[PDB]
$ cat upload-v3.csv   # CSV, C-alpha atoms
chain,number,residue,atom,x,y,z
A,247,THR,CA,4.5,-27.2,28.9
A,248,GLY,CA,6.1,-25.0,31.5
A,249,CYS,CA,5.7,-21.3,32.4
A,250,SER,CA,8.1,-18.8,34.0
A,251,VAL,CA,8.3,-15.4,35.6
A,252,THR,CA,10.6,-12.6,34.3
A,253,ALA,CA,11.2,-9.9,36.9
A,254,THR,CA,13.1,-6.7,35.9
A,255,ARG,CA,14.0,-3.5,37.8
A,256,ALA,CA,12.4,-0.3,36.4
A,257,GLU,CA,12.9,2.6,38.8
A,258,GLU,CA,15.1,2.4,41.9
A,259,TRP,CA,14.8,4.8,44.9
A,260,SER,CA,16.7,5.1,48.2
A,261,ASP,CA,13.7,3.7,50.2
A,262,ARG,CA,12.3,1.1,47.9
A,263,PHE,CA,12.5,-0.4,44.4
A,264,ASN,CA,9.8,-1.1,41.8
A,265,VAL,CA,9.7,-4.6,40.1
A,266,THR,CA,8.1,-5.9,36.9
A,267,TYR,CA,7.0,-9.5,37.2
A,268,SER,CA,5.5,-11.1,34.0
A,269,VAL,CA,4.7,-14.6,32.7
A,270,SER,CA,4.1,-16.1,29.2
A,271,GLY,CA,2.7,-19.3,27.8
A,272,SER,CA,-0.7,-18.5,29.4
A,273,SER,CA,-2.5,-16.2,31.8
A,274,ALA,CA,-3.9,-18.8,34.2
A,275,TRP,CA,-0.7,-19.0,36.3
A,276,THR,CA,0.2,-18.7,40.0
A,277,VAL,CA,2.9,-16.2,40.7
A,278,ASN,CA,4.6,-16.6,44.1
A,279,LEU,CA,6.9,-13.9,45.5
A,280,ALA,CA,9.5,-14.7,48.1
A,281,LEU,CA,11.0,-11.5,49.6
A,282,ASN,CA,14.0,-11.9,51.9
A,283,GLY,CA,14.5,-10.5,55.4
A,284,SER,CA,11.4,-8.3,56.2
A,285,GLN,CA,10.8,-6.6,52.8
A,286,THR,CA,7.1,-5.8,52.2
A,287,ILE,CA,4.9,-4.7,49.3
A,288,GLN,CA,2.8,-1.6,49.2
A,289,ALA,CA,1.7,-1.5,45.5
A,290,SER,CA,0.5,-4.0,42.9
A,291,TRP,CA,-1.1,-3.5,39.4
A,292,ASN,CA,-2.2,-6.0,36.9
A,293,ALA,CA,-2.3,-8.6,39.6
A,294,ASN,CA,-3.4,-9.0,43.3
A,295,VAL,CA,-0.5,-9.7,45.7
A,296,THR,CA,-2.0,-11.1,48.9
A,297,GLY,CA,-0.8,-13.6,51.5
A,298,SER,CA,1.0,-13.8,54.9
A,299,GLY,CA,4.3,-15.1,56.3
A,300,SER,CA,7.6,-14.9,54.3
A,301,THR,CA,5.8,-15.7,51.1
A,302,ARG,CA,3.1,-13.9,49.0
A,303,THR,CA,0.5,-15.4,46.7
A,304,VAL,CA,-0.3,-13.7,43.4
A,305,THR,CA,-3.2,-14.3,41.0
A,306,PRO,CA,-4.5,-12.7,37.8
A,307,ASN,CA,-7.8,-10.7,37.9
A,308,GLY,CA,-8.6,-10.8,34.2
A,309,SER,CA,-6.3,-8.0,33.0
A,310,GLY,CA,-3.1,-9.5,31.5
A,311,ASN,CA,0.0,-11.5,32.4
A,312,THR,CA,2.3,-8.6,33.2
A,313,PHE,CA,2.0,-7.0,36.6
A,314,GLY,CA,4.3,-4.9,38.8
A,315,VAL,CA,4.9,-4.7,42.5
A,316,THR,CA,6.5,-2.1,44.8
A,317,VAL,CA,8.8,-3.5,47.5
A,318,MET,CA,10.5,-1.6,50.3
A,319,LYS,CA,14.2,-1.8,51.1
A,320,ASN,CA,14.0,-2.1,54.9
A,321,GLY,CA,17.6,-3.3,54.8
A,322,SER,CA,17.2,-5.2,51.5
A,323,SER,CA,17.7,-4.3,47.8
A,324,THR,CA,17.4,-7.6,46.0
A,325,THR,CA,14.1,-8.1,44.2
A,326,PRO,CA,12.0,-11.1,45.3
A,327,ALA,CA,11.8,-14.4,43.5
A,328,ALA,CA,8.6,-15.1,41.6
A,329,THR,CA,7.6,-18.7,40.5
A,330,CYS,CA,4.8,-19.6,38.0
A,331,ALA,CA,2.8,-22.6,39.3
A,332,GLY,CA,0.0,-24.0,37.0
A,333,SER,CA,-0.4,-27.8,36.8
$ encode --input "upload-v3.csv" --output "structure tokens"
Amino acid sequence: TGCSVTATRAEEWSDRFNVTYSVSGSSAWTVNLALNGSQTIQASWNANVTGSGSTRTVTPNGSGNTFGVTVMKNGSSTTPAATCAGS
């Protein structure tokens, strides 16, 4: 009765790193990314990553439960933390 988000690193560059966030159990979930420092996102497929502040809200658009996001280093190289929220 609980969902989760598995994030893996696919390609890694010297100015940013791609990420692969996914969730199982169901597609109606709420992915929440929490970058650290000032990292930012400039790409997102299979999910819409919008929001403001040090957190980012993510929701499904009727495509699947596996989406990827592109984060920029900016002095950071640790992927963000995603959390599935669906009561």
$ closest_residue --input "upload-v3.csv" --among "A:324, A:317, A:271, A:264" --to "residue 250 in chain A" --atoms "all atoms listed in the file"
A:271
$ atom_distance --input "upload-v3.csv" --atom1 "CA of residue 289 in chain A" --atom2 "CA of residue 316 in chain A"
4.9 Å
$ residues_around --input "upload-v3.csv" --residues "residue 313 in chain A" --least-positions-apart "4" --cutoff "9 Å" --atoms "only C-alpha atoms" --output "count of residues only"
11
$ atom_distance --input "upload-v3.csv" --atom1 "CA of residue 287 in chain A" --atom2 "CA of residue 310 in chain A"
20.1 Å
$ atom_distance --input "upload-v3.csv" --atom1 "CA of residue 286 in chain A" --atom2 "CA of residue 326 in chain A"
10.0 Å
$ closest_residue --input "upload-v3.csv" --among "A:259, A:300, A:295, A:278" --to "residue 327 in chain A" --atoms "all atoms listed in the file"
A:278
$ residues_around --input "upload-v3.csv" --residues "residue 323 in chain A" --least-positions-apart "3" --cutoff "8 Å" --atoms "only C-alpha atoms" --output "JSON, numbers by chain"
{"A": [262, 263, 319]}
$ write_last_selection --input "upload-v3.csv" --atoms "C-alpha atoms" --output "PDB file, in the coordinates of the input"
ATOM      1  CA  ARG A 262      12.300   1.100  47.900  1.00  0.00           C
ATOM      2  CA  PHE A 263      12.500  -0.400  44.400  1.00  0.00           C
ATOM      3  CA  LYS A 319      14.200  -1.800  51.100  1.00  0.00           C
TER       4      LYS A 319
END
$ closest_residue --input "upload-v3.csv" --among "A:298, A:318, A:333, A:312" --to "residue 252 in chain A" --atoms "only C-alpha atoms"
A:312
$ residues_around --input "upload-v3.csv" --residues "residue 299 in chain A" --least-positions-apart "2" --cutoff "10 Å" --atoms "all atoms listed in the file" --output "count of residues only"
5
$ closest_residue --input "upload-v3.csv" --among "A:260, A:276, A:270, A:307" --to "residue 332 in chain A" --atoms "all atoms listed in the file"
A:276
$ closest_residue --input "upload-v3.csv" --among "A:281, A:320, A:314, A:328" --to "residue 255 in chain A" --atoms "all atoms listed in the file"
A:314
$ closest_residue --input "upload-v3.csv" --among "A:296, A:288, A:303, A:282" --to "residue 322 in chain A" --atoms "all atoms listed in the file"
A:282
$ build_atoms --input "upload-v3.csv" --residues "range 299-325 of chain A" --atoms "N, CA, C and O atoms" --output "compact mmCIF listing (two decimals), keeping the file's coordinate frame"
# COMPACT_ATOMS: atom_id res chain seq x y z
N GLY A 299 3.12 -14.33 56.01
CA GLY A 299 4.30 -15.10 56.30
C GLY A 299 5.51 -14.58 55.45
O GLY A 299 5.54 -13.42 55.11
N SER A 300 6.46 -15.41 55.11
CA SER A 300 7.60 -14.90 54.30
C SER A 300 7.33 -15.15 52.82
O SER A 300 8.20 -14.99 51.98
N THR A 301 6.12 -15.51 52.49
CA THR A 301 5.80 -15.70 51.10
C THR A 301 4.55 -14.91 50.69
O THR A 301 3.80 -14.48 51.54
N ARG A 302 4.32 -14.68 49.42
CA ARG A 302 3.10 -13.90 49.00
C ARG A 302 2.48 -14.56 47.79
O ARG A 302 3.12 -14.86 46.81
N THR A 303 1.19 -14.78 47.86
CA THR A 303 0.50 -15.40 46.70
C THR A 303 0.07 -14.36 45.71
O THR A 303 -0.30 -13.26 46.07
N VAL A 304 0.13 -14.67 44.44
CA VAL A 304 -0.30 -13.70 43.40
C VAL A 304 -1.18 -14.34 42.37
O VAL A 304 -0.91 -15.44 41.91
N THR A 305 -2.24 -13.70 42.00
CA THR A 305 -3.20 -14.30 41.00
C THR A 305 -3.64 -13.21 40.02
O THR A 305 -3.62 -12.04 40.34
N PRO A 306 -4.05 -13.64 38.86
CA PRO A 306 -4.50 -12.70 37.80
C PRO A 306 -5.98 -12.30 38.11
O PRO A 306 -6.72 -12.99 38.77
N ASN A 307 -6.37 -11.15 37.62
CA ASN A 307 -7.80 -10.70 37.90
C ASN A 307 -8.47 -10.43 36.55
O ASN A 307 -9.48 -9.75 36.49
N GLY A 308 -7.96 -10.98 35.48
CA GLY A 308 -8.60 -10.80 34.20
C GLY A 308 -8.12 -9.48 33.53
O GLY A 308 -8.88 -8.71 32.99
N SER A 309 -6.84 -9.23 33.59
CA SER A 309 -6.30 -8.00 33.00
C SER A 309 -5.17 -8.32 32.02
O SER A 309 -5.14 -7.85 30.90
N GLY A 310 -4.24 -9.13 32.43
CA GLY A 310 -3.10 -9.50 31.50
C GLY A 310 -2.15 -10.44 32.26
O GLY A 310 -2.47 -10.98 33.30
N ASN A 311 -0.98 -10.63 31.72
CA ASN A 311 0.00 -11.50 32.40
C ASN A 311 1.23 -10.72 32.82
O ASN A 311 2.23 -11.27 33.23
N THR A 312 1.14 -9.42 32.74
CA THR A 312 2.30 -8.60 33.20
C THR A 312 1.88 -7.64 34.28
O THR A 312 1.12 -6.71 34.08
N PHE A 313 2.36 -7.87 35.47
CA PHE A 313 2.00 -7.00 36.60
C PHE A 313 3.24 -6.48 37.30
O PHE A 313 4.31 -7.04 37.16
N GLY A 314 3.13 -5.41 38.05
CA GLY A 314 4.30 -4.90 38.80
C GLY A 314 4.05 -4.77 40.25
O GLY A 314 2.91 -4.72 40.68
N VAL A 315 5.08 -4.75 41.06
CA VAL A 315 4.90 -4.70 42.50
C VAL A 315 5.90 -3.71 43.13
O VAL A 315 7.00 -3.59 42.65
N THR A 316 5.54 -3.02 44.19
CA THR A 316 6.50 -2.10 44.80
C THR A 316 7.01 -2.67 46.14
O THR A 316 6.26 -2.87 47.07
N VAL A 317 8.28 -2.96 46.22
CA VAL A 317 8.80 -3.50 47.50
C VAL A 317 9.62 -2.46 48.23
O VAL A 317 10.14 -1.53 47.64
N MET A 318 9.70 -2.57 49.53
CA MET A 318 10.50 -1.60 50.30
C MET A 318 11.82 -2.12 50.71
O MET A 318 11.97 -3.30 50.95
N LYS A 319 12.82 -1.29 50.77
CA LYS A 319 14.20 -1.80 51.10
C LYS A 319 14.13 -2.39 52.54
O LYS A 319 14.18 -3.60 52.70
N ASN A 320 14.04 -1.58 53.55
CA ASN A 320 14.00 -2.10 54.90
C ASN A 320 15.27 -2.90 55.23
O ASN A 320 15.31 -3.77 56.07
N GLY A 321 16.33 -2.60 54.53
CA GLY A 321 17.60 -3.30 54.80
C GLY A 321 17.83 -4.34 53.64
O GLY A 321 18.71 -5.18 53.72
N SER A 322 17.04 -4.28 52.61
CA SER A 322 17.20 -5.20 51.50
C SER A 322 17.08 -4.51 50.15
O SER A 322 16.33 -3.56 50.03
N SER A 323 17.80 -4.94 49.15
CA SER A 323 17.70 -4.30 47.80
C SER A 323 17.68 -5.32 46.72
O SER A 323 17.84 -5.01 45.55
N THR A 324 17.47 -6.56 47.07
CA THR A 324 17.40 -7.60 46.00
C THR A 324 15.97 -7.99 45.75
O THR A 324 15.25 -8.47 46.61
N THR A 325 15.52 -7.77 44.55
CA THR A 325 14.10 -8.10 44.20
C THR A 325 13.77 -9.51 44.72
O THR A 325 14.66 -10.30 44.96
